[PDB]
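Scroll down for the structure; my scribbles are underneath it.
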Amino acid sequence: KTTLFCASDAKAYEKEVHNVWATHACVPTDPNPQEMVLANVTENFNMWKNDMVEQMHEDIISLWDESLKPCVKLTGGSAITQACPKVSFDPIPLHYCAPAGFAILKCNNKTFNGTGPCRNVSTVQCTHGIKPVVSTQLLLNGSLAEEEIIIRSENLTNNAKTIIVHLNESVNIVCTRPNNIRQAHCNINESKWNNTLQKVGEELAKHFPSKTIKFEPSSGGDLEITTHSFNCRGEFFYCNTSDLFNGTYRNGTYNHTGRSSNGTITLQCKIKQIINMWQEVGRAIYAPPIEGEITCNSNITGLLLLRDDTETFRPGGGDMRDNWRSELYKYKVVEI
Amino acid sequence: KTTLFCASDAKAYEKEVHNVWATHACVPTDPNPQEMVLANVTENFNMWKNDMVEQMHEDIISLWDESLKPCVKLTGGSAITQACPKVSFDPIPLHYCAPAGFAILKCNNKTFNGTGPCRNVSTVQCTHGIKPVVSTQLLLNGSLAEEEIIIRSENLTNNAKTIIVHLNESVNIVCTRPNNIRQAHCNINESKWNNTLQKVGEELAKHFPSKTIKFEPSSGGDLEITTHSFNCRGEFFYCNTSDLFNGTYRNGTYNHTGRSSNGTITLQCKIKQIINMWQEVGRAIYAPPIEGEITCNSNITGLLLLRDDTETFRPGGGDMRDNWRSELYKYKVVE
Ligand SMILES: CNCc1ccc2c(c1)[C@H](NC(=O)C(=O)Nc1ccc(Cl)c(F)c1)[C@@H](CNC(=N)N)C2
Ligand SMILES: CNCc1ccc2c(c1)[C@H](NC(=O)C(=O)Nc1ccc(Cl)c(F)c1)[C@@H](CNC(=N)N)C2
């Protein structure tokens, strides 16, 4: 336990809300941090029980609270109104650093699954640059696994626990609302996606021995988790993924059963004004979408899954603490 | 044409020289940016013939003249000496704005090459925030193409003319003189560089039917142009790029023949005191480098190339007006 502090390359002249936030909350990053490599030592990590995740969660909640002010905030029977101006929105990498008297241990084992023993260890003052990207089903613009795809879970035999898939090669996704003003769409190359779900398919095949491994859409619930929901330029995008998570892996080969056109999977997206908040239990209401072309070009670097003869996996999400876990898995706050 | 005026978020209690200059030379940026989108309006652009570049160049010359004072300045055979204190140096974004009666037309075509027809244009009072980064070969801390790498030249078939490559994704470069006090070095991830040079190689392959596209170092000349020269915290870095611009593109793929060690290209750099000035024809001598760790973490946002079966390309630069053109290419002053 300690109280971490943040570092970033935020610009004071930038009116983008992440830059404003980091300027009023963080410290100038050090242009050349140097890692103290600890060989010979073997310590244990648990990405699922990490306070760094809670601190970061708190910080991102405060950030959204001060940056994205909704027209309405409804909780129970009480509603709160205030000015909801359109803003400049684009996440910047956040570093989390330990104060004097504390250190940050970093796992260098490159196939480490987040829980248990890690042996190539090291000492850093601050973490790597982390973009606080809030999304569901798909993890966007994070860091890639440097070798094979990695499966992360608090308990894999417990189907109620969220599975994090760390990809080794990103899959580009391009969402856009062209110049219906709430109708948007995402484009994904079907080849990269087929390859990706092939690799993820076999990596899941290893953990679940002789099963037909299917990928199906989210069963139901709030649109935030039943769709790939995310924030693009201050606008809340909800993108249908029924043609994305639609496949079958069996006997060492994968088959995409989702619809595609000319080698491209297109997600039908909707920009919503009424959102179910991730910070707290309640609803937030924002202004109609801005004018012009609203496009986000992102990289899919991770998956969020939930497991149900056959093993079926569906896209998950909703708890952003897992989104922070996908990047904070290699770190651990330590005493000196 | 007119007499433009600058606007910035420059800050009067900052002793950083860009701020010191901008506070007394510029105007508070304006909380009210109002863009005027236009339908049915072609205007023709020529980034290579834009006076805004000349004005910018001139007051960047003024800025440097008042900020970075060399111990000696030799021009025309005449030597001028003065105090050469080490200062705080870090570029800030400058906006260029049109006075009363004038406006700045802005191209919105995301793939506009600087020259020729542009349709989707708006009207602004001031340009975007531009950091006056003086450099050769590599363009640092600039804007990225909103996507698709862009090739710029007033005539590509004219080998004598500087090519500006506008990148869509930045390539981080970390230069450092560690705590020989003139020996420095730069670090660049090789993967991002081979990626960049491959895509650039193919967008070059488009303009050049299909010859073998080679990347070779600068043939010769002053160190300022034969190396990636730039200023970091007041100190003049000259970094070798013989292992950066050295590779071959053939077969629709590129392979790097430049040398590397475990995924990291390291440029051998030298902090120099005697400098061939970019402001004018002459030389300036400064004081020895400051003590401590001298590090700059920059982003490569563009390239400056020169073209010689095979088309050979080499890093170029020297004329900083080209460094202003890569950012001012989309704007034009009108009445
Ligand atoms: C199986 N997991 C179910 C679960 C588990 C935990 C939580 C949720 C769902 C709820 N998450 C969210 O509403 C949420 O992320 N919205 C959201 C908003 C904007 C963007 Cl861009 C976005 F990508 C997502 C949240 C509770 N809130 C309410 N019940 N109203 C916390
Ligand atoms: C093919 N183009 C050749 C060309 C064309 C025009 C010009 C040059 C070269 C000369 N540029 C420079 O000396 C120059 O940029 N130095 C410089 C200083 C500091 C930093 Cl940080 C830096 F990155 C560069 C300059 C003439 N001056 C002298 N010959 N003394 C103008």
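Nothing in this text is a laboratory measurement; each read-out follows from the coordinates by a stated rule. Reconstructed Cβ throughout: ideal geometry from the backbone, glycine too, with neighbour counts over all protein chains shown.
General observations
- Out of A:12, A:39, sole residue that is out of contact with any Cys (no Cβ under 6 Å at 6 or more places or on another chain) and either of a type in the set (S, T, N, Q) or more than 14 Å from chain B (Cβ to nearest Cβ) (or both): A:39
- Candidate set from region A:27-36 (those that are among the polar types (S, T, N, Q) and over 24 Å from the mean Cα position of the chain (by Cα)); member that is farthest from the other protein chains (Cβ to nearest Cβ): A:34
- Listed by position, the strands (runs of 3 or more DSSP E) inside region B:227-335 whose residues that are under 30 Å from residue B:112 (Cβ atoms) and in contact with a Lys or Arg (Cβ under 8 Å, 6 or more places away or on another chain) number at least 1 are B:247-250, B:294-307, B:310-315, B:331-334.
- Residue that is nearest to ligand 2 (Cβ to nearest atom), among those in region A:135-155 that are more than 14 Å from chain B (Cβ to nearest Cβ) and among the hydroxyl-bearing types (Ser, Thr, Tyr): A:135
- Residue list for region B:178-197, restricted to those being more than 11 Å from chain A (Cβ to nearest Cβ), assigned to a strand (DSSP E or B) and not small (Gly, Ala, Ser): B:183, B:185, B:186, B:188, B:189
- For residue A:24, the conditions (1) out of contact with any strand residue (DSSP E or B) (no Cβ under 9 Å at 6 or more places or on another chain); (2) within 14 Å of chain B (Cβ to nearest Cβ) all hold with the exception of (2).
- Taking region B:278-295 as the range and being within 10 Å of ligand 2 (Cβ to nearest atom) and closer than 21 Å to residue B:184 by Cα as the test, only B:284 passes.
- Among residues of region A:219-243 being among the polar types (S, T, N, Q) and buried (at least 21 other Cβ atoms within 10 Å of the Cβ), the one that is nearest to ligand 2 (Cβ to nearest atom) is A:229.
Conditions (1) surrounded by 20 or more Cβ atoms within 10 Å (Cβ to Cβ); (2) near ligand 1 (Cβ under 10 Å from one of its atoms), marked per residue:
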site	(1), (2)
A:269	yes, no
A:282	no, yes
A:292	no, no
A:297	no, no
A:313	yes, no
A:317	yes, yes
A:328	yes, no
A:331	yes, no
A:334	no, no
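- Restricting region B:92-116 to residues that are within 14 Å of chain A (Cβ to nearest Cβ) and under 16 Å from residue B:38 (Cα atoms), the residue that is surrounded by the most Cβ atoms within 10 Å (Cβ to Cβ) is B:106.
- Pairs with Cβ under 6 Å, 6+ apart, first in region B:292-304 and closer than 13 Å to residue B:151 by Cα and more than 14 Å from chain A (Cβ to nearest Cβ), second of a type in the set (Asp, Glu) and in a strand (DSSP E or B): none
- Number of positions in region B:68-91 that are surrounded by 13 or more Cβ atoms within 10 Å (Cβ to Cβ) and assigned to a loop (DSSP other than H, G, I, E, B): 11
- Test: residue in region B:161-170 that is away from chain A (no Cβ under 14 Å) and under 30 Å from residue B:31 (Cα atoms): yes
- Single unsatisfied condition, residue B:271 versus (1) within 14 Å of another protein chain (Cβ to nearest Cβ); (2) of a type outside the set (S, T, N, Q); (3) out of contact with any helix residue (DSSP H, G or I) (no Cβ under 9 Å at 6 or more places or on another chain); (4) more than 28 Å from residue B:156 (Cβ to Cβ): (1)
- Region B:12-54: number of residues that are surrounded by 15 or more Cβ atoms within 10 Å (Cβ to Cβ) and basic (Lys, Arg): 0
- Residue within region A:193-201 that is crowded, with 16+ Cβ neighbours inside 10 Å, closer than 14 Å to residue A:304 by Cβ and within 16 Å of ligand 1 (Cβ to nearest atom) present: no
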